[PDB]
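Okay, upload.csv is below, CSV, N, CA and C atoms:
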```csv
chain,number,residue,atom,x,y,z
I,11,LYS,N,14.4,13.4,3.6
I,11,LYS,CA,14.9,12.4,2.6
I,11,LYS,C,13.9,12.1,1.5
I,12,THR,N,14.2,11.9,0.3
I,12,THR,CA,13.3,11.6,-0.8
I,12,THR,C,12.8,10.2,-0.7
I,13,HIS,N,13.5,9.3,0.0
I,13,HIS,CA,13.1,7.9,0.2
I,13,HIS,C,13.2,7.5,1.6
I,14,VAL,N,12.4,6.6,2.1
I,14,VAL,CA,12.5,6.1,3.5
I,14,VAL,C,12.4,4.6,3.5
I,15,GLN,N,13.3,3.9,4.2
I,15,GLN,CA,13.2,2.5,4.3
I,15,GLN,C,12.1,2.1,5.3
I,16,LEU,N,11.2,1.3,4.9
I,16,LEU,CA,10.1,0.8,5.7
I,16,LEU,C,10.0,-0.7,5.6
I,17,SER,N,9.5,-1.3,6.7
I,17,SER,CA,9.2,-2.8,6.8
I,17,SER,C,7.7,-2.9,7.0
I,18,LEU,N,6.9,-3.2,6.0
I,18,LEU,CA,5.5,-3.2,6.0
I,18,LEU,C,4.9,-4.6,6.4
I,19,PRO,N,4.0,-4.6,7.4
I,19,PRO,CA,3.4,-5.9,7.8
I,19,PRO,C,2.4,-6.3,6.7
I,20,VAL,N,2.6,-7.6,6.2
I,20,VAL,CA,1.7,-8.2,5.2
I,20,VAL,C,0.5,-8.8,5.9
I,21,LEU,N,-0.7,-8.4,5.6
I,21,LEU,CA,-1.9,-8.8,6.3
I,21,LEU,C,-2.7,-9.7,5.3
I,22,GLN,N,-3.4,-10.7,5.9
I,22,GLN,CA,-4.4,-11.5,5.2
I,22,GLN,C,-5.7,-10.6,5.0
I,23,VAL,N,-6.3,-10.6,3.8
I,23,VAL,CA,-7.4,-9.7,3.5
I,23,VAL,C,-8.6,-9.9,4.5
I,24,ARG,N,-8.8,-11.2,4.9
I,24,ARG,CA,-10.0,-11.4,5.8
I,24,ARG,C,-9.7,-11.0,7.3
I,25,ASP,N,-8.5,-10.6,7.6
I,25,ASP,CA,-8.2,-10.1,8.9
I,25,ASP,C,-8.3,-8.6,9.0
I,26,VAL,N,-8.3,-7.9,7.8
I,26,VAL,CA,-8.2,-6.4,7.9
I,26,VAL,C,-9.5,-5.8,8.5
I,27,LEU,N,-9.3,-5.0,9.5
I,27,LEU,CA,-10.5,-4.4,10.1
I,27,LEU,C,-10.9,-3.1,9.4
I,28,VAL,N,-9.9,-2.3,8.9
I,28,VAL,CA,-10.3,-1.0,8.3
I,28,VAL,C,-9.8,-1.1,6.8
I,29,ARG,N,-10.8,-1.2,5.9
I,29,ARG,CA,-10.5,-1.8,4.6
I,29,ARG,C,-10.2,-0.7,3.5
I,30,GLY,N,-9.9,0.5,4.0
I,30,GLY,CA,-9.3,1.5,3.0
I,30,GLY,C,-9.0,2.7,3.8
I,31,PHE,N,-8.5,3.7,3.2
I,31,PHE,CA,-8.0,5.0,3.8
I,31,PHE,C,-9.0,6.1,3.7
I,32,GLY,N,-10.1,6.0,3.0
I,32,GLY,CA,-11.0,7.2,2.8
I,32,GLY,C,-11.7,7.1,1.5
I,33,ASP,N,-12.3,8.3,1.1
I,33,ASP,CA,-13.4,8.4,0.2
I,33,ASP,C,-13.1,9.0,-1.1
I,34,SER,N,-11.9,9.5,-1.3
I,34,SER,CA,-11.5,10.2,-2.5
I,34,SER,C,-10.1,9.8,-2.8
I,35,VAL,N,-9.6,10.0,-4.1
I,35,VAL,CA,-8.3,9.6,-4.5
I,35,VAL,C,-7.3,10.4,-3.7
I,36,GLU,N,-7.6,11.7,-3.5
I,36,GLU,CA,-6.6,12.6,-2.8
I,36,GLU,C,-6.5,12.2,-1.3
I,37,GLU,N,-7.7,11.9,-0.7
I,37,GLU,CA,-7.7,11.5,0.7
I,37,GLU,C,-6.9,10.2,0.9
I,38,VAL,N,-7.1,9.2,0.1
I,38,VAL,CA,-6.5,7.9,0.4
I,38,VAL,C,-5.0,8.0,0.2
I,39,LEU,N,-4.5,8.8,-0.8
I,39,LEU,CA,-3.1,9.0,-1.0
I,39,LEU,C,-2.5,9.7,0.2
I,40,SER,N,-3.2,10.8,0.7
I,40,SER,CA,-2.8,11.6,1.9
I,40,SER,C,-2.7,10.7,3.1
I,41,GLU,N,-3.8,10.0,3.4
I,41,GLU,CA,-3.9,9.1,4.6
I,41,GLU,C,-2.8,7.9,4.5
I,42,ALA,N,-2.7,7.3,3.3
I,42,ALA,CA,-1.7,6.3,3.1
I,42,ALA,C,-0.3,6.8,3.5
I,43,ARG,N,0.1,8.0,3.0
I,43,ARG,CA,1.4,8.6,3.3
I,43,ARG,C,1.5,8.9,4.8
I,44,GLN,N,0.5,9.4,5.4
I,44,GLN,CA,0.5,9.7,6.8
I,44,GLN,C,0.7,8.3,7.6
I,45,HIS,N,0.0,7.3,7.3
I,45,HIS,CA,0.1,6.0,8.0
I,45,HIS,C,1.5,5.3,7.7
I,46,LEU,N,2.0,5.5,6.5
I,46,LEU,CA,3.4,5.0,6.3
I,46,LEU,C,4.4,5.8,7.2
I,47,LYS,N,4.3,7.1,7.3
I,47,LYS,CA,5.2,7.9,8.2
I,47,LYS,C,5.1,7.4,9.6
I,48,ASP,N,3.8,7.1,10.1
I,48,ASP,CA,3.5,6.8,11.5
I,48,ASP,C,3.7,5.3,11.9
I,49,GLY,N,4.0,4.5,10.9
I,49,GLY,CA,4.2,3.0,11.2
I,49,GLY,C,3.0,2.3,11.4
I,50,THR,N,1.9,2.8,10.9
I,50,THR,CA,0.5,2.2,11.0
I,50,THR,C,-0.1,1.8,9.7
I,51,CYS,N,0.7,1.4,8.8
I,51,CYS,CA,0.3,1.0,7.4
I,51,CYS,C,0.6,-0.5,7.2
I,52,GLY,N,-0.4,-1.3,6.7
I,52,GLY,CA,-0.2,-2.6,6.3
I,52,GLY,C,-0.3,-2.8,4.8
I,53,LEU,N,0.1,-4.0,4.4
I,53,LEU,CA,0.1,-4.3,2.9
I,53,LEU,C,-0.7,-5.6,2.7
I,54,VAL,N,-1.6,-5.7,1.8
I,54,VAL,CA,-2.3,-6.9,1.4
I,54,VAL,C,-1.8,-7.3,-0.1
I,55,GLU,N,-1.4,-8.5,-0.2
I,55,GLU,CA,-0.9,-9.0,-1.5
I,55,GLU,C,-2.2,-9.2,-2.4
I,56,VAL,N,-2.1,-8.7,-3.6
I,56,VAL,CA,-3.3,-8.8,-4.5
I,56,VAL,C,-3.3,-10.2,-5.2
I,57,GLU,N,-4.4,-10.9,-5.0
I,57,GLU,CA,-4.7,-12.1,-5.7
I,57,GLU,C,-6.2,-12.1,-6.1
I,58,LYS,N,-6.7,-13.0,-6.9
I,58,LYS,CA,-8.1,-13.2,-7.2
I,58,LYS,C,-8.9,-13.1,-5.9
I,59,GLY,N,-9.9,-12.2,-5.9
I,59,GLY,CA,-10.9,-12.1,-4.8
I,59,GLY,C,-10.5,-11.1,-3.8
I,60,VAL,N,-9.3,-10.6,-3.8
I,60,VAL,CA,-8.8,-9.6,-2.8
I,60,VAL,C,-9.5,-8.2,-2.9
I,61,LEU,N,-9.3,-7.6,-4.1
I,61,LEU,CA,-9.8,-6.2,-4.2
I,61,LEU,C,-11.3,-6.0,-3.9
I,62,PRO,N,-12.2,-6.9,-4.4
I,62,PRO,CA,-13.6,-6.8,-4.0
I,62,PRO,C,-13.9,-6.8,-2.6
I,63,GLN,N,-13.0,-7.3,-1.7
I,63,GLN,CA,-13.2,-7.4,-0.3
I,63,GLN,C,-12.6,-6.1,0.4
I,64,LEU,N,-12.0,-5.2,-0.4
I,64,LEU,CA,-11.5,-4.0,0.2
I,64,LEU,C,-12.3,-2.8,-0.3
I,65,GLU,N,-12.1,-1.6,0.2
I,65,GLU,CA,-12.9,-0.4,-0.2
I,65,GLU,C,-12.1,0.4,-1.2
I,66,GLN,N,-12.8,0.9,-2.2
I,66,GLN,CA,-12.3,1.9,-3.1
I,66,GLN,C,-12.5,3.3,-2.5
I,67,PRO,N,-11.7,4.4,-2.9
I,67,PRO,CA,-10.5,4.2,-3.7
I,67,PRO,C,-9.4,3.3,-3.1
I,68,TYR,N,-8.7,2.5,-3.9
I,68,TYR,CA,-7.5,1.7,-3.5
I,68,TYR,C,-6.2,2.6,-3.5
I,69,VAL,N,-5.3,2.2,-2.7
I,69,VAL,CA,-3.9,2.7,-2.8
I,69,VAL,C,-2.9,1.6,-3.0
I,70,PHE,N,-2.3,1.5,-4.1
I,70,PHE,CA,-1.2,0.4,-4.4
I,70,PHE,C,0.2,1.0,-4.1
I,71,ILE,N,1.1,0.1,-3.7
I,71,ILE,CA,2.5,0.3,-3.9
I,71,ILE,C,2.9,-0.4,-5.1
I,72,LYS,N,3.7,0.3,-6.0
I,72,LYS,CA,4.1,-0.2,-7.3
I,72,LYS,C,5.6,0.0,-7.4
I,73,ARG,N,6.3,-1.0,-8.0
I,73,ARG,CA,7.8,-0.9,-8.2
I,73,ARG,C,8.2,0.3,-9.1
I,74,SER,N,9.1,1.1,-8.6
I,74,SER,CA,9.4,2.4,-9.3
I,74,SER,C,10.7,2.2,-10.2
I,75,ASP,N,11.4,1.1,-10.0
I,75,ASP,CA,12.8,0.9,-10.5
I,75,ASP,C,13.2,-0.5,-10.2
I,76,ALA,N,14.3,-1.0,-10.9
I,76,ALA,CA,14.9,-2.3,-10.7
I,76,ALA,C,16.4,-2.1,-10.2
I,79,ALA,N,17.2,-2.6,-6.1
I,79,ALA,CA,16.6,-2.7,-4.7
I,79,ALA,C,17.7,-2.5,-3.7
I,80,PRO,N,18.0,-1.3,-3.2
I,80,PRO,CA,19.0,-1.0,-2.2
I,80,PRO,C,18.7,-1.7,-0.9
I,81,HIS,N,19.7,-2.3,-0.3
I,81,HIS,CA,19.8,-2.9,1.1
I,81,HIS,C,18.6,-3.9,1.3
I,82,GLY,N,18.1,-4.5,0.2
I,82,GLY,CA,17.0,-5.5,0.2
I,82,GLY,C,15.6,-4.8,0.2
I,83,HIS,N,15.6,-3.5,0.0
I,83,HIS,CA,14.3,-2.7,0.0
I,83,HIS,C,14.0,-2.3,-1.5
I,84,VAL,N,12.9,-2.8,-2.0
I,84,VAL,CA,12.4,-2.5,-3.4
I,84,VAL,C,12.0,-1.1,-3.4
I,85,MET,N,12.4,-0.3,-4.4
I,85,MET,CA,11.9,1.1,-4.4
I,85,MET,C,10.5,1.1,-5.0
I,86,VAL,N,9.6,1.8,-4.3
I,86,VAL,CA,8.1,1.8,-4.6
I,86,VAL,C,7.6,3.2,-4.5
I,87,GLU,N,6.5,3.4,-5.3
I,87,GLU,CA,5.7,4.6,-5.1
I,87,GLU,C,4.2,4.3,-5.1
I,88,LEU,N,3.4,5.3,-4.7
I,88,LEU,CA,2.0,5.1,-4.5
I,88,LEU,C,1.2,5.5,-5.8
I,89,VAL,N,0.2,4.6,-6.1
I,89,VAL,CA,-0.8,4.9,-7.2
I,89,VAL,C,-2.2,4.5,-6.7
I,90,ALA,N,-3.1,5.5,-6.8
I,90,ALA,CA,-4.5,5.2,-6.3
I,90,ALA,C,-5.3,4.8,-7.5
I,91,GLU,N,-6.4,4.1,-7.2
I,91,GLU,CA,-7.4,3.6,-8.2
I,91,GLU,C,-8.8,3.9,-7.8
I,92,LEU,N,-9.6,4.4,-8.7
I,92,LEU,CA,-11.1,4.6,-8.4
I,92,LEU,C,-11.8,4.3,-9.7
I,93,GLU,N,-12.8,3.4,-9.7
I,93,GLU,CA,-13.7,3.1,-10.8
I,93,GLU,C,-12.8,2.8,-12.0
I,94,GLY,N,-11.7,2.1,-11.9
I,94,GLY,CA,-11.0,1.6,-13.0
I,94,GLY,C,-10.0,2.6,-13.6
I,95,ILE,N,-9.8,3.8,-12.9
I,95,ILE,CA,-8.9,4.8,-13.4
I,95,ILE,C,-7.8,5.0,-12.3
I,96,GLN,N,-6.6,5.0,-12.7
I,96,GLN,CA,-5.4,5.1,-11.9
I,96,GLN,C,-4.8,6.5,-11.9
I,97,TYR,N,-4.3,7.0,-10.8
I,97,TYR,CA,-3.8,8.3,-10.5
I,97,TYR,C,-2.3,8.1,-10.1
I,98,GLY,N,-1.4,8.3,-11.1
I,98,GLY,CA,-0.1,7.8,-11.0
I,98,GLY,C,0.2,6.8,-12.1
I,99,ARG,N,1.5,6.6,-12.4
I,99,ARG,CA,2.0,5.7,-13.5
I,99,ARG,C,3.2,5.0,-12.8
I,100,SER,N,3.2,3.7,-12.7
I,100,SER,CA,4.4,3.1,-12.1
I,100,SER,C,4.5,1.6,-12.6
I,101,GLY,N,5.3,0.8,-11.9
I,101,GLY,CA,5.6,-0.6,-12.2
I,101,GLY,C,4.6,-1.6,-11.6
I,102,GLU,N,5.1,-2.8,-11.5
I,102,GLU,CA,4.4,-3.9,-10.9
I,102,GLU,C,3.8,-3.6,-9.5
I,103,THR,N,2.6,-4.0,-9.3
I,103,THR,CA,2.0,-3.9,-7.9
I,103,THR,C,2.6,-4.9,-6.9
I,104,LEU,N,3.1,-4.4,-5.8
I,104,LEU,CA,3.6,-5.2,-4.6
I,104,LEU,C,2.4,-5.5,-3.7
I,105,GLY,N,1.4,-4.7,-3.7
I,105,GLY,CA,0.2,-4.9,-2.9
I,105,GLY,C,-0.6,-3.7,-2.7
I,106,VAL,N,-1.7,-3.9,-2.0
I,106,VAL,CA,-2.7,-2.8,-1.7
I,106,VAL,C,-2.5,-2.4,-0.3
I,107,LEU,N,-2.4,-1.1,0.0
I,107,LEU,CA,-2.1,-0.6,1.3
I,107,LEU,C,-3.5,-0.4,2.1
I,108,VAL,N,-3.4,-0.7,3.4
I,108,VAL,CA,-4.6,-0.5,4.3
I,108,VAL,C,-4.0,0.0,5.6
I,109,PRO,N,-4.9,0.6,6.4
I,109,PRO,CA,-4.5,0.9,7.8
I,109,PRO,C,-4.2,-0.4,8.5
I,110,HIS,N,-3.2,-0.3,9.4
I,110,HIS,CA,-2.8,-1.4,10.3
I,110,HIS,C,-3.3,-1.0,11.7
I,111,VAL,N,-4.1,-1.8,12.3
I,111,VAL,CA,-4.7,-1.5,13.7
I,111,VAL,C,-4.4,-2.7,14.6
I,112,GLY,N,-3.3,-3.4,14.4
I,112,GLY,CA,-2.9,-4.5,15.3
I,112,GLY,C,-3.2,-5.9,14.8
I,113,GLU,N,-3.6,-6.1,13.6
I,113,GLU,CA,-3.7,-7.4,12.9
I,113,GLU,C,-2.3,-8.1,12.9
I,114,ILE,N,-2.3,-9.4,13.1
I,114,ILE,CA,-1.1,-10.2,13.0
I,114,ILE,C,-0.7,-10.4,11.6
I,115,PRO,N,0.5,-10.0,11.2
I,115,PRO,CA,1.0,-10.2,9.8
I,115,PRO,C,1.4,-11.6,9.6
I,116,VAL,N,1.5,-12.0,8.3
I,116,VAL,CA,2.1,-13.3,7.8
I,116,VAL,C,3.5,-13.1,7.4
I,117,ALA,N,4.0,-11.9,7.1
I,117,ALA,CA,5.3,-11.6,6.6
I,117,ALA,C,5.6,-10.1,6.7
I,118,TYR,N,6.7,-9.7,6.3
I,118,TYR,CA,7.1,-8.3,6.2
I,118,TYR,C,7.6,-8.0,4.8
I,119,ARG,N,7.4,-6.9,4.2
I,119,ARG,CA,7.8,-6.5,2.9
I,119,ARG,C,8.7,-5.2,3.0
I,120,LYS,N,10.0,-5.4,2.8
I,120,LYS,CA,10.9,-4.2,3.0
I,120,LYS,C,10.8,-3.4,1.7
I,121,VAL,N,10.6,-2.1,1.8
I,121,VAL,CA,10.4,-1.2,0.7
I,121,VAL,C,11.2,0.1,1.0
I,122,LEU,N,11.6,0.7,-0.1
I,122,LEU,CA,12.2,2.1,0.0
I,122,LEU,C,11.1,3.0,-0.7
I,123,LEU,N,10.4,3.7,0.2
I,123,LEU,CA,9.2,4.5,-0.3
I,123,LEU,C,9.7,5.8,-0.8
I,124,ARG,N,9.4,6.1,-2.1
I,124,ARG,CA,9.5,7.5,-2.6
I,124,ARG,C,8.4,8.3,-1.9
I,125,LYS,N,8.9,9.3,-1.1
I,125,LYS,CA,8.2,10.2,-0.1
I,125,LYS,C,8.3,11.6,-0.6
```
Encoded form (structure tokens):
Amino acid sequence: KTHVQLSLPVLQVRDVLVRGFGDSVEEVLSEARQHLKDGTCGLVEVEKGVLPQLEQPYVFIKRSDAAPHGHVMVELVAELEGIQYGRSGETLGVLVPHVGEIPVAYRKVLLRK
């Protein structure tokens, strides 16, 4: 399928144990997509002070369109040293590995895969 319905756990930034997916734009997009397929991906909502507490390169989920079955359609965009790789809509959050942190909410998305 070109899209997959996922329910992503929303994590508090200070709880996150593994603060990024790797060391290059290509690696973090690859790892993010793998963790989304495996059900081991969390989402941190971006506010003042969040991104400096996480590791670059960043992986964002961004709105791709204006929401089937309550799932916002999203795609992945990576960021390193102020340059983005991908072009998309509003940020829903920054993706991180999930390793058992307790979420505060879930974010239903339709991931362009």
key: Nearest to residue I:67 by atom-to-atom distance, counting only C-alpha atoms, from I:124, I:119, I:29, I:43   =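 Distance minimum relative to residue I:67 lands on I:29.
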Near stretch 46-59 of chain I, counting only N, CA and C atoms, which residues have an atom at most 7 Å away, once you skip same-chain residues fewer than 4 positions from it, shown as a PDB file with N, CA and C atoms, in the coordinates of the input?
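Output (selection04.pdb):
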```pdb
ATOM      1  N   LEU I  18       6.900  -3.200   6.000  1.00  0.00           N
ATOM      2  CA  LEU I  18       5.500  -3.200   6.000  1.00  0.00           C
ATOM      3  C   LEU I  18       4.900  -4.600   6.400  1.00  0.00           C
ATOM      4  N   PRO I  19       4.000  -4.600   7.400  1.00  0.00           N
ATOM      5  CA  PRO I  19       3.400  -5.900   7.800  1.00  0.00           C
ATOM      6  C   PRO I  19       2.400  -6.300   6.700  1.00  0.00           C
ATOM      7  N   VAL I  20       2.600  -7.600   6.200  1.00  0.00           N
ATOM      8  CA  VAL I  20       1.700  -8.200   5.200  1.00  0.00           C
ATOM      9  C   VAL I  20       0.500  -8.800   5.900  1.00  0.00           C
ATOM     10  N   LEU I  21      -0.700  -8.400   5.600  1.00  0.00           N
ATOM     11  CA  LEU I  21      -1.900  -8.800   6.300  1.00  0.00           C
ATOM     12  C   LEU I  21      -2.700  -9.700   5.300  1.00  0.00           C
ATOM     13  N   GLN I  22      -3.400 -10.700   5.900  1.00  0.00           N
ATOM     14  CA  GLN I  22      -4.400 -11.500   5.200  1.00  0.00           C
ATOM     15  C   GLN I  22      -5.700 -10.600   5.000  1.00  0.00           C
ATOM     16  N   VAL I  23      -6.300 -10.600   3.800  1.00  0.00           N
ATOM     17  CA  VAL I  23      -7.400  -9.700   3.500  1.00  0.00           C
ATOM     18  C   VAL I  23      -8.600  -9.900   4.500  1.00  0.00           C
ATOM     19  N   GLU I  41      -3.800  10.000   3.400  1.00  0.00           N
ATOM     20  CA  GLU I  41      -3.900   9.100   4.600  1.00  0.00           C
ATOM     21  C   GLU I  41      -2.800   7.900   4.500  1.00  0.00           C
ATOM     22  N   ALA I  42      -2.700   7.300   3.300  1.00  0.00           N
ATOM     23  CA  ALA I  42      -1.700   6.300   3.100  1.00  0.00           C
ATOM     24  C   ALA I  42      -0.300   6.800   3.500  1.00  0.00           C
ATOM     25  N   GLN I  63     -13.000  -7.300  -1.700  1.00  0.00           N
ATOM     26  CA  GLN I  63     -13.200  -7.400  -0.300  1.00  0.00           C
ATOM     27  C   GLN I  63     -12.600  -6.100   0.400  1.00  0.00           C
ATOM     28  N   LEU I  64     -12.000  -5.200  -0.400  1.00  0.00           N
ATOM     29  CA  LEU I  64     -11.500  -4.000   0.200  1.00  0.00           C
ATOM     30  C   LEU I  64     -12.300  -2.800  -0.300  1.00  0.00           C
ATOM     31  N   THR I 103       2.600  -4.000  -9.300  1.00  0.00           N
ATOM     32  CA  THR I 103       2.000  -3.900  -7.900  1.00  0.00           C
ATOM     33  C   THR I 103       2.600  -4.900  -6.900  1.00  0.00           C
ATOM     34  N   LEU I 104       3.100  -4.400  -5.800  1.00  0.00           N
ATOM     35  CA  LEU I 104       3.600  -5.200  -4.600  1.00  0.00           C
ATOM     36  C   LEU I 104       2.400  -5.500  -3.700  1.00  0.00           C
ATOM     37  N   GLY I 105       1.400  -4.700  -3.700  1.00  0.00           N
ATOM     38  CA  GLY I 105       0.200  -4.900  -2.900  1.00  0.00           C
ATOM     39  C   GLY I 105      -0.600  -3.700  -2.700  1.00  0.00           C
ATOM     40  N   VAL I 106      -1.700  -3.900  -2.000  1.00  0.00           N
ATOM     41  CA  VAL I 106      -2.700  -2.800  -1.700  1.00  0.00           C
ATOM     42  C   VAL I 106      -2.500  -2.400  -0.300  1.00  0.00           C
ATOM     43  N   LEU I 107      -2.400  -1.100   0.000  1.00  0.00           N
ATOM     44  CA  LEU I 107      -2.100  -0.600   1.300  1.00  0.00           C
ATOM     45  C   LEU I 107      -3.500  -0.400   2.100  1.00  0.00           C
ATOM     46  N   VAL I 108      -3.400  -0.700   3.400  1.00  0.00           N
ATOM     47  CA  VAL I 108      -4.600  -0.500   4.300  1.00  0.00           C
ATOM     48  C   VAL I 108      -4.000   0.000   5.600  1.00  0.00           C
ATOM     49  N   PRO I 109      -4.900   0.600   6.400  1.00  0.00           N
ATOM     50  CA  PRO I 109      -4.500   0.900   7.800  1.00  0.00           C
ATOM     51  C   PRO I 109      -4.200  -0.400   8.500  1.00  0.00           C
ATOM     52  N   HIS I 110      -3.200  -0.300   9.400  1.00  0.00           N
ATOM     53  CA  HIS I 110      -2.800  -1.400  10.300  1.00  0.00           C
ATOM     54  C   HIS I 110      -3.300  -1.000  11.700  1.00  0.00           C
ATOM     55  N   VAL I 111      -4.100  -1.800  12.300  1.00  0.00           N
ATOM     56  CA  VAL I 111      -4.700  -1.500  13.700  1.00  0.00           C
ATOM     57  C   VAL I 111      -4.400  -2.700  14.600  1.00  0.00           C
TER      58      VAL I 111
END
```
request  = Would you please give, as a count of residues only, all residues of chain I that DSSP assigns to alpha helix (DSSP H) based on the backbone?
outcome  = 14
key: Minimum-distance residue to residue I:79, chosen among I:60, I:120, I:31, I:45 (using only C-alpha atoms)   =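 Closest to residue I:79 of all the choices is I:120.
Using only N, CA and C atoms, the contacts of stretch 87-97 of chain I at a cut-off of 8 Å, with sequence neighbours closer than 5 positions omitted, comprise residues 34, 35, 36, 38, 39, 66, 67, 68, 69, 70, 71, 72, 73, 74, 75, 122, 123, 124 and 125 of chain I.
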Point-to-point distance from atom CA of residue I:61 to atom CA of residue I:25, Å rounded to tenths =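 Between atom CA of residue I:61 and atom CA of residue I:25 the gap works out to 13.8 Å.
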request  = One decimal, Å: what's the distance from atom C of residue I:102 over to atom C of residue I:84, could you say?
outcome  =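 About the pair atom C of residue I:102 and atom C of residue I:84: they are 10.5 Å apart.
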Any chance you could turn stretch 70-86 of chain I into a file with N, CA, C and O atoms, as a PDB file, in the first residue's frame?
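File decode-v1.pdb, as written:
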```pdb
ATOM      1  N   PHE I  70      11.162  14.914  10.628  1.00  0.00           N
ATOM      2  CA  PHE I  70       9.807  15.437  10.905  1.00  0.00           C
ATOM      3  C   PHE I  70       8.747  14.620  10.183  1.00  0.00           C
ATOM      4  O   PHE I  70       9.023  14.134   9.074  1.00  0.00           O
ATOM      5  N   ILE I  71       7.555  14.560  10.746  1.00  0.00           N
ATOM      6  CA  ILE I  71       6.342  14.238   9.954  1.00  0.00           C
ATOM      7  C   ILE I  71       5.669  15.555   9.668  1.00  0.00           C
ATOM      8  O   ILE I  71       5.431  16.318  10.628  1.00  0.00           O
ATOM      9  N   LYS I  72       5.324  15.766   8.390  1.00  0.00           N
ATOM     10  CA  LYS I  72       4.717  16.992   7.887  1.00  0.00           C
ATOM     11  C   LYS I  72       3.414  16.659   7.155  1.00  0.00           C
ATOM     12  O   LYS I  72       3.325  15.575   6.576  1.00  0.00           O
ATOM     13  N   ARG I  73       2.406  17.496   7.280  1.00  0.00           N
ATOM     14  CA  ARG I  73       1.081  17.263   6.639  1.00  0.00           C
ATOM     15  C   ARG I  73       1.228  17.331   5.107  1.00  0.00           C
ATOM     16  O   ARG I  73       1.841  18.285   4.625  1.00  0.00           O
ATOM     17  N   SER I  74       0.761  16.314   4.372  1.00  0.00           N
ATOM     18  CA  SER I  74       1.022  16.204   2.914  1.00  0.00           C
ATOM     19  C   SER I  74      -0.191  16.722   2.145  1.00  0.00           C
ATOM     20  O   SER I  74      -0.046  16.904   0.927  1.00  0.00           O
ATOM     21  N   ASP I  75      -1.310  16.943   2.829  1.00  0.00           N
ATOM     22  CA  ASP I  75      -2.635  17.200   2.199  1.00  0.00           C
ATOM     23  C   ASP I  75      -3.657  17.558   3.292  1.00  0.00           C
ATOM     24  O   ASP I  75      -3.371  17.262   4.465  1.00  0.00           O
ATOM     25  N   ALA I  76      -4.787  18.183   2.909  1.00  0.00           N
ATOM     26  CA  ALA I  76      -5.961  18.501   3.771  1.00  0.00           C
ATOM     27  C   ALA I  76      -7.188  17.699   3.304  1.00  0.00           C
ATOM     28  O   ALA I  76      -8.136  18.338   2.801  1.00  0.00           O
ATOM     29  N   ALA I  79      -8.216  14.304   5.711  1.00  0.00           N
ATOM     30  CA  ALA I  79      -7.732  13.389   6.775  1.00  0.00           C
ATOM     31  C   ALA I  79      -8.633  12.163   6.838  1.00  0.00           C
ATOM     32  O   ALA I  79      -9.576  12.123   7.629  1.00  0.00           O
ATOM     33  N   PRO I  80      -8.369  11.127   6.010  1.00  0.00           N
ATOM     34  CA  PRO I  80      -9.190   9.915   5.998  1.00  0.00           C
ATOM     35  C   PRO I  80      -9.258   9.193   7.352  1.00  0.00           C
ATOM     36  O   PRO I  80      -8.219   8.962   7.943  1.00  0.00           O
ATOM     37  N   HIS I  81     -10.473   8.839   7.792  1.00  0.00           N
ATOM     38  CA  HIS I  81     -10.747   7.974   8.974  1.00  0.00           C
ATOM     39  C   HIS I  81     -10.136   8.570  10.253  1.00  0.00           C
ATOM     40  O   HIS I  81      -9.885   7.782  11.186  1.00  0.00           O
ATOM     41  N   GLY I  82      -9.921   9.895  10.302  1.00  0.00           N
ATOM     42  CA  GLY I  82      -9.288  10.608  11.432  1.00  0.00           C
ATOM     43  C   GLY I  82      -7.758  10.594  11.386  1.00  0.00           C
ATOM     44  O   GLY I  82      -7.145  11.095  12.338  1.00  0.00           O
ATOM     45  N   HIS I  83      -7.157  10.051  10.323  1.00  0.00           N
ATOM     46  CA  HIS I  83      -5.695   9.943  10.119  1.00  0.00           C
ATOM     47  C   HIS I  83      -5.222  11.060   9.178  1.00  0.00           C
ATOM     48  O   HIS I  83      -5.607  11.051   7.990  1.00  0.00           O
ATOM     49  N   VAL I  84      -4.429  11.999   9.692  1.00  0.00           N
ATOM     50  CA  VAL I  84      -3.839  13.084   8.854  1.00  0.00           C
ATOM     51  C   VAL I  84      -2.818  12.436   7.919  1.00  0.00           C
ATOM     52  O   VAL I  84      -1.967  11.658   8.387  1.00  0.00           O
ATOM     53  N   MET I  85      -2.841  12.767   6.623  1.00  0.00           N
ATOM     54  CA  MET I  85      -1.821  12.231   5.696  1.00  0.00           C
ATOM     55  C   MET I  85      -0.522  13.003   5.908  1.00  0.00           C
ATOM     56  O   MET I  85      -0.536  14.254   5.970  1.00  0.00           O
ATOM     57  N   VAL I  86       0.551  12.262   6.100  1.00  0.00           N
ATOM     58  CA  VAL I  86       1.871  12.837   6.437  1.00  0.00           C
ATOM     59  C   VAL I  86       2.949  12.208   5.582  1.00  0.00           C
ATOM     60  O   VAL I  86       2.781  11.078   5.045  1.00  0.00           O
TER      61      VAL I  86
END
```
